[PDB]
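>
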Amino acid sequence: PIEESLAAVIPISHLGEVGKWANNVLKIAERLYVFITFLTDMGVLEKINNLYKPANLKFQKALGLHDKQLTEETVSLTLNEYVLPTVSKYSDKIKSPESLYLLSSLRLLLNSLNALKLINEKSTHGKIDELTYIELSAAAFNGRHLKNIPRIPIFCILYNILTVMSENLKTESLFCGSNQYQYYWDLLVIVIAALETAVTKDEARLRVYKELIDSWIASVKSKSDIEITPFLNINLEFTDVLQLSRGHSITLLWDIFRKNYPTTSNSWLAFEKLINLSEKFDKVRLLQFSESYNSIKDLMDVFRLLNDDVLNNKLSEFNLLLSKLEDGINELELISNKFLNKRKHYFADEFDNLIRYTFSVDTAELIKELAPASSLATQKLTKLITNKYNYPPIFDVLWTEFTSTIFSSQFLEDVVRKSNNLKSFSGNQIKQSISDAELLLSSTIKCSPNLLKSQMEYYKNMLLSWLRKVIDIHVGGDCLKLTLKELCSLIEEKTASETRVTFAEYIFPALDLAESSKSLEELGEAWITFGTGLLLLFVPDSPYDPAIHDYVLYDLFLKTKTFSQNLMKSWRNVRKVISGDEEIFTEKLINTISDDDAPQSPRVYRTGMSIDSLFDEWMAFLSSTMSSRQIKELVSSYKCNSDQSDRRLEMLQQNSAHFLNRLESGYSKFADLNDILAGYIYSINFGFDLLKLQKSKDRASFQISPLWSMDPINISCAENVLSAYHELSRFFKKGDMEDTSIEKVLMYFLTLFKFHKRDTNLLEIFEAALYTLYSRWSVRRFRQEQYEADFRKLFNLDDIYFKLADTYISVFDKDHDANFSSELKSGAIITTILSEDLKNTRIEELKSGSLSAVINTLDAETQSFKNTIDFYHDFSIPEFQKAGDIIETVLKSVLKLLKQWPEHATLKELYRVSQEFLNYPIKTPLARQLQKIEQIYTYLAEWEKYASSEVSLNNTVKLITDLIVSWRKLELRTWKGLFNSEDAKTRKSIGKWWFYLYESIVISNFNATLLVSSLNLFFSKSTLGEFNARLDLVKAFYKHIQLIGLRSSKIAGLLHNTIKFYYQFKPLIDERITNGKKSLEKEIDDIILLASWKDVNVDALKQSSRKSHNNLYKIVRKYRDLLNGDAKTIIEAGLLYXXXXXXXXXXXXXXXXXXXXXXXXXXXXXXXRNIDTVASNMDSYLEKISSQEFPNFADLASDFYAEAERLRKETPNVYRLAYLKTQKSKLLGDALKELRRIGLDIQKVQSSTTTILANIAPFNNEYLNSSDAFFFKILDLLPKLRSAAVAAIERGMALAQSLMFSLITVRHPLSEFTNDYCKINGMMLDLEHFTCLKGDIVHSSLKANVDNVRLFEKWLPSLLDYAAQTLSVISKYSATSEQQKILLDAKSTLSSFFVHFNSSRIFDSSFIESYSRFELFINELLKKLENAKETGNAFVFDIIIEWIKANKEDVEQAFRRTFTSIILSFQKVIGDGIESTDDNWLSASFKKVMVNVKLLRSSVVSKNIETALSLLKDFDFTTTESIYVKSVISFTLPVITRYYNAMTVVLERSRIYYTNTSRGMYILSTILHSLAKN
């Protein structure tokens, strides 16, 4: 249509522009006239006619002459043929392709410049009423204005383009340049394009048009054209207004972090349909039981196959296969309508918190097994197996409308708490919870390496693999192999001028602080500075979009292909006018645009909706509360810790929660820039939660964390338990009364003093742990002063006090063989007290020591509900589970036969009862459970009678009948014994006895006559059944004082006599009970044999029970008369009345036969002694002591007892009397005259029994406990003599006083004698093995290594038993079971080592060659565990490796002083004669025992041996002067072995003499006792 004006050139200008003949026709004829006026108003018609001036002169001269014309006879095409090409003498560009674009550019400049006249005329019509944006941008250019929209100013800038083209083509007159008219065509299409996309919206589409008219300047300047100099200012104002200042790097950071997204309009409408189904699947997943996890795991896989099929652009079977998943959920919903027992979501926090330790791209299979039995939605799971996911995936789980549960032990403190409180639940949750705690064991085993790794040095790693990727794309080259100055030089060459400021102010401090991070504060500050860093490099001020740049370069290609095809078809009609039918030269001259030049137009499709509304929303939020002035106030507040810290942050995490939820459901079409921004707001919220977990570690009133028990490495350290008591001192003292939780912690420290086998380091936490138990009783008395129980009623503070003294008895035992299996179940109870009551504790990471104990607690519970007592008290899960199934099968048959019937009463009544039976919790006794199975049998029996024969429930009545019979047999077993519970209820009075003895014994230790009178009331005012429990507790205070040692030895003497004196009456009290029980055991055994069934008749069984319960209450009531009878009657009655063995200590020639050469080998022995004359005279004098024999007194007293038996028993007492009265006065006159002959302040000592029981010496040594077998026989009848006691009685009572005073003062030197006797016996055996010593004395170098062996003696065989248990729990859930053989073989070879280190009492030098073999075995044991810590689990072997690595001249004078004091001590003994029953032998034989014990002076001789052995075991000697010391100790050994044999003769003679006179005292006193009564 400009060629139609070019072909219509008739000379001159189609008759000289006739006068508007096209107007005489009258749109195509009127618009063509405007192009001709535009052709003549410029000089374009006048510049062409100056080109034909050589052509007109050449045609005039060559051809015939004629009249001259103004314009030549040539068309305006000017480029065909026919010497018009030879008019290219000047301006040689007609052969060039710029010839056709001269006439064609004025067509397009006209059509665009006149289009701006129409819009500018429209601006003066209206104002702000259904106008366009380009029309409203002319409001600042014209009069009529508006209210807004002056930011882009397109009309004032898309008008200076066309006036330069109006100013250049008007005054050029050149038609010759380097492709000028080629370059005036591509600009004049962009101006058409900048007018179409500026009508309504899209400020973001004007980012391409500041580059298309900027690459055009760089193209016209590369052609060396002089036209670029002429204007040079067509976009230097357009970039002044539209430029951006905040984030320049959005166009470069978008490309590498982008994931795949669908590309068609048909896909996002179907992608929303899949998430619409993915929400309905979540509501069905939380309603299925444990058997339907084979079908949910299939339906959570098909969503992955459809997430790969939406992206595949393959929609053929999509709508078909998506209906199959609707058919799959509807089948899964149909089962969900039939569940009568709704699923209680239990362990909801256990499976939710095992995801956070696993949720990443790696280990994507462990998450899928944790997926369906949890609370994680399926729309978040499909971003794990497929790697469509962005930024590290922990951030998508933490915040819900949980960062403390990933860096603490809060997972493990809650598994223990939900396991102890499991048994207090209803009866519907026992078949669902044994399959819920079983799946939790199969999860913590398979996630064991994920729990144990470091969690504060792991997120440091995932920052440096994500901070060194941002520097990788900005700075060219790798950020690892580059210096600190080499990276700063490449910022100015690769990046802009504004990003250089923030890249050296926020990111480079976020790399320095990420390397020097040692706490959670230096890593939480290095994460937030990175968080504010990439918000100044991604978010723009004005709307910039890196995806519009590809969708305009295709729309511009679509328009310049349209104008090229418009130019071809409008020119094709001109071919039939002044041309032939083959070719025109301008057909070659025009450029044809190619079809195969598509500039890759789909990346991510964005439709005509404007994105300029989104970037208004981001800068309305990021400048509101996420600015750099809003975030630096919180960092400057946490560092100062002034005030109001944790309440600004919750306002911050709530603003960004609704913000990222606005963008998720917002705009529905593109998530490229939403996902990358979401990884920068989730990151900066994680940077503050790293400062919550630092200030909570800074507040610490108690440095003892929970889970202080349930770890075998913190209990076994003897120093650590002592340091865990001085820190809880603000918890025991600052407590309130009636709390009943402080007194359950002090129970646990008494089971650690037992567990360490009563060490001397833990004695402070055993004495001071009992004093606060008494102080919580001394206050509760200050405020107080200011069918078993059902038939007993017809006619918690005492369960703690009862257990504050059962542990106090069980500590003081012989041996325990301590283990870790039963000492951690008592630790699982204290942590539920310590984590609920005690606050402000320490936060720590999970360790391998505490995971080995919680797996033991879950498998201890789930093996108690499966594997298989006292009737009407027990709970019996394995019995309630059999009843829970046999009733549920009846409940199923009711609902089958209810829907046609419903209105009956029997089918309604038992349906209510059967629902009530399954609702009973498992803490109920079997009495209430037998009642509800009795009522449901009677309703089932009467419905079988009235109904027809089509019922067929014979199979259910027979099973209920045999179960009720099976529960009556367990009732008969409680009637059989029935006294073990009665003996325990009288044992429960221990808890108030312990505090009564602690006030009189220990506080007096903290006098002698005050204790016995306070203890005589403890045994006298007592019962008969609770008498053995008193003797079993005073012994627990007798071993409490021997545990203290020799600090108060008197208070252990006041308590040993009173135990043995009241142990004397125990066979009388035990006889009174065991014969009275024979009358009551037969009566109960008769009534049990009556209650037996034949032809069962279950209704008759209940009536036979109540008759049996009435008779059994009286027998228990009669049995309480034997127990609660008084015990004062037996004590005041005395004993009835036939004489004992001894230890018989005799060992002489064991060490008498290296002594012959020892005399010759011995340097000062000649300074101040033979051995042949000494050791022979020492043995010659030993015979004279052993030949001396004392007569017995029990033979004299037994002579009178046989004479008084004949004189008394032969009397027939019929009123022979005068002959008998003389004979009666003979033996009364002979006995009191015989005892006057043989020997014989006394009354100030012997007032009563409680006076001589105080100031008396004990016989605690275990050689002569038989010597007190008769002196406590003469203490029962000592008050009975004073009650009855006419001149012989006053003489006989005064005669037994002087013999008692000569029997009390023997006990004190004789008990001191056996105190030194057992010391010299234990030191004789030290110097005996010291003669057979073959090496050297290494006791300064080997004594420290024995303690290292003995510390491995008591613990290391016990940890091997504990590590052999947790490998059996893993063996039930894994295949790693062959690792048990490398611990039992490691245990059996240790038994060959600890016997060798215990077989020697004094140590040799050969053990240094044997201790190095033990040290080599540990380094070989430590390698066998490391090679076995593979293809399995590591937390079992981790604590045994961690514990092992955490635990890996003058002597001749001392043997001369004990040799001069052993002869002078023995010389004074023979200074008194031996002299073998003549006269006065009771005042001499009780004197001779006091002389021979005194003259041995065993307190001095056994003292010099104590100083002599101290110079041989403390210090050490080399291989020199060691054969000389061994020649001295073997020189004075055959003297000590004779002095020890001089003590086995004096002791064995004065022990038999003491058991004979005390037996003679007992026979004589019963004669005087019967004389005063008869």
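Okay, so the sequence shown: first residue is 114 according to our numbering, each after it adds one. Built from N, CA and C at the ideal position, the CB exists for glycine as well.
1. Per the contact definition of three or more C-beta pairs closer than 8 Å, is the segment 1624 to 1631 in contact with the segment 1449 to 1461?
2. What distance in whole Å lies between the Cβ atoms of residue 1495 and residue 1489, which are believed to be in contact at a cut-off of 8 Å?
3. Which residues in the same chain have their Cβ closer than 8 Å to the Cβ of residue 1225, if we skip the five residues on either side of it in sequence?
4. Quick check: the segment 1348 to 1361 against the segment 1407 to 1416, are at least 3 beta-carbon pairs closer than 8 Å?
5. Helix, strand or coil for residue 1239, going by three-state DSSP, please let me know.
6. Could you tell me the alpha carbon to alpha carbon distance between residue 787 and residue 569, rounded to whole angstroms?
7. Is it true that the CB of residue 547 sits closer than 8 Å to the CB of residue 979?
8. Whose C-beta lies closer than 7 Å to the C-beta of residue 259 among residues of the same chain, with five residues either side of it excluded?
9. What are the start and end residues of the alpha helix (DSSP H) that includes residue 149?
10. Within 8 Å, do at least three Cβ pairs link the segment 115 to 134 to the segment 228 to 238?
11. Grouping DSSP H, G and I as helix and E and B as strand, with all else coil, what is residue 954?
12. Where does the unbroken alpha helix (DSSP H) through residue 905 begin, and where does it stop?
13. Could you name the residues of the same chain whose beta carbon sits closer than 8 Å to that of residue 390, not counting the 5 residues immediately before and after it, in chain order?
14. Closest to residue 544 by C-alpha separation, out of 457, 576 and 560, would be which residue?
15. Give me the DSSP bridge partner(s) of residue 1136.
16. Jot down the residue ranges of each uninterrupted alpha helix (DSSP H) in the segment 1601 to 1664, minimum 4 residues, whole runs only, in chain order.
17. Between which two residues does the alpha helix (DSSP H) holding residue 1468 run?
18. Would you please state the rounded distance, in angstroms, between the beta carbons of residue 192 and residue 218? I believe it to be under 8 Å.
19. How would you label residue 1154, buried or exposed, when you count the other beta carbons within 10 angstroms and need 16 or more for buried?
20. Check whether the segment 652 to 669 touches the segment 305 to 317, counting contact only when three or more Cβ pairs, one atom from each stretch, lie closer than 8 Å.
21. Which residue comes first and which comes last in the alpha helix (DSSP H) that contains residue 298?
22. Check the C-beta distance from residue 1605 over to residue 1582 and give it rounded, since I have them as a contact under 8 Å.
23. Kindly indicate which residue of 1309, 1402, 1420 and 1531 has the alpha-carbon position closest to the one of residue 1672.
24. Which residues mark the beginning and the end of the alpha helix (DSSP H) in which residue 742 is found?
25. With distances taken Cα to Cα, identify the nearest neighbour of residue 1635 among 1040, 1678 and 1446.
26. For the putative contact between residue 494 and residue 483, defined by C-beta atoms under 8 Å, what is the C-beta separation to the nearest angstrom?
27. Which value, in whole angstroms, describes the spacing of the CA atoms of residue 1571 and residue 1565?
28. To the nearest angstrom, report how far apart residue 617 and residue 365 are at their CA atoms.
29. Output needed for residue 1486: all residues of its chain with C-beta closer than 8 Å, excluding positions within five of it in sequence on either side, in chain order.
30. When the distance is taken between beta carbons, is residue 1175 closer than 8 Å to residue 1144?
31. Do residue 1121 and residue 1367 have their CB atoms nearer than 8 Å?
32. Can you round the beta-carbon distance between residue 289 and residue 206 to whole angstroms, since I take them to be within the 8 Å contact cut?
33. Below 8 Å on the Cβ atoms is my guess for residue 1401 versus residue 1320; work out the distance and round it to an integer in Å.
34. Which class does residue 592 belong to by DSSP, given the choice of helix, strand or coil?
35. What separation, rounded to the nearest whole angstrom, lies between the Cα atoms of residue 1553 and residue 463?
A quick look at the data gives this:
1. yes
2. Numbered from its first residue, the sequence shown carries residue 1489 at position 1376. Numbered from its first residue, the sequence shown carries residue 1495 at position 1382. About 12 Å separates the two Cβ atoms, so there is no contact after all.
3. Taking the sequence shown and counting its residues from 1, the one referred to as residue 1225 is at position 1112. The residues are 1088, 1091, 1197 and 1200.
4. yes
5. Stepping through the sequence shown from its first residue, residue 1239 is reached at position 1126. In the structure shown, residue 1239 sits in a strand (DSSP, three-state: E or B).
6. Indexing the sequence shown from 1 puts residue 787 at position 674. Indexing the sequence shown from 1 puts residue 569 at position 456. Rounded to whole angstroms, residue 787 to residue 569 spans 29 Å at the Cα level.
7. Looking up residue 979 in the sequence shown gives position 866. Looking up residue 547 in the sequence shown gives position 434. Yes, Cβ-Cβ distance for residue 979 and residue 547 is below 8 Å.
8. Here residue 259 corresponds to residue number 146 of the sequence shown, with the count starting at 1. Excluding residues within five positions, the ones whose Cβ falls inside 7 Å are 240, 241, 249 and 252.
9. Against the sequence shown, residue 149 aligns to sequence position 36. Here the alpha helix (DSSP H) through residue 149 covers 141 to 154.
10. no
11. Here residue 954 is taken as the residue at index 841 of the sequence shown, counted from 1. Three-state DSSP puts residue 954 in coil, outside helix and strand.
12. Counting from 1 along the sequence shown, the entry for residue 905 is found at position 792. Note, residue 905: premise wrong, no alpha helix (DSSP H); not H, not E.
13. Locating residue 390 in the sequence shown gives position 277, counting from the first residue. 435, 438, 439 and 442.
14. Position 431 of the sequence shown, counted from the start, is the residue given in the question as residue 544. Measuring from the Cα of residue 544, the nearest candidate turns out to be 457.
15. Along the sequence shown, read from residue 1 onward, the residue named residue 1136 stands at position 1023. In the DSSP output, where bridge partners are listed per residue, residue 1136 has 1239.
16. 1611 to 1626, 1639 to 1642 and 1646 to 1652
17. Counting from one through the sequence shown, the residue named residue 1468 turns up at place 1355. It is not in any alpha helix (DSSP H) - residue 1468 carries neither H nor E in the DSSP assignment.
18. Within the sequence shown, residue 192 is the residue found at index 79, counting from 1. Within the sequence shown, residue 218 is the residue found at index 105, counting from 1. That pair is no contact at about 15 Å.
19. Translated into positions along the sequence shown, residue 1154 becomes position 1041. Buried.
20. yes
21. By one-based count along the sequence shown, residue 298 stands at place 185. For residue 298, no alpha helix (DSSP H) run applies, since DSSP gives it neither H nor E.
22. In the sequence shown, the residue the question calls residue 1605 occupies position 1492. In the sequence shown, the residue the question calls residue 1582 occupies position 1469. Yes, residue 1605 and residue 1582 are in contact; Cβ-Cβ is about 7 Å, under 8 Å.
23. On the sequence shown, residue 1672 is found 1559 positions in, with the first residue counted as 1. Checking every option, the nearest Cα to that of residue 1672 belongs to 1309.
24. Taking the first residue of the sequence shown as position 1, residue 742 is located at position 629. Start and end: 741 to 751.
25. Walking along the sequence shown from the start, residue 1635 turns up at place 1522. Checked all of 1040, 1678 and 1446; the closest Cα to residue 1635 is 1446.
26. Start at 1 with the first residue of the sequence shown, and residue 494 comes out as number 381. Start at 1 with the first residue of the sequence shown, and residue 483 comes out as number 370. Actually they do not touch by this definition, with Cβ atoms about 10 Å apart.
27. Working through the sequence shown from its first residue, we reach residue 1571 at position 1458. Working through the sequence shown from its first residue, we reach residue 1565 at position 1452. Distance between the alpha carbons of residue 1571 and residue 1565: 10 Å.
28. Here residue 617 corresponds to residue number 504 of the sequence shown, with the count starting at 1. Here residue 365 corresponds to residue number 252 of the sequence shown, with the count starting at 1. Cα atoms of residue 617 and residue 365: separation of roughly 18 Å, rounded to the nearest angstrom.
29. The residue labelled residue 1486 in the question sits at position 1373 within the sequence shown. So the list reads 554, 555 and 558, once near-sequence residues are dropped.
30. Position 1031 of the sequence shown, counted from the first residue, corresponds to residue 1144. Position 1062 of the sequence shown, counted from the first residue, corresponds to residue 1175. Yes, the pair counts as a contact, with Cβ atoms nearer than the cut-off.
31. In the sequence shown, the residue the question calls residue 1121 occupies position 1008. In the sequence shown, the residue the question calls residue 1367 occupies position 1254. Yes.
32. Here residue 289 refers to the residue found at position 176 when the sequence shown is read from its first residue. Here residue 206 refers to the residue found at position 93 when the sequence shown is read from its first residue. Confirmed, Cβ separation roughly 5 Å.
33. As a working mapping, residue 1401 is identified with position 1288 in the sequence shown. As a working mapping, residue 1320 is identified with position 1207 in the sequence shown. In fact, because the Cβ distance is near 15 Å, the residues do not count as touching under 8 Å.
34. Residue mapping note: residue 592 aligns to position 479 of the sequence shown, counting from 1. In the structure shown, residue 592 sits in coil (DSSP, three-state: anything other than H, G, I, E or B).
35. On the sequence shown, position 1440 is the one that residue 1553 refers to. On the sequence shown, position 350 is the one that residue 463 refers to. Near 28 Å, if we compare the C-alpha coordinates of residue 463 and residue 1553.
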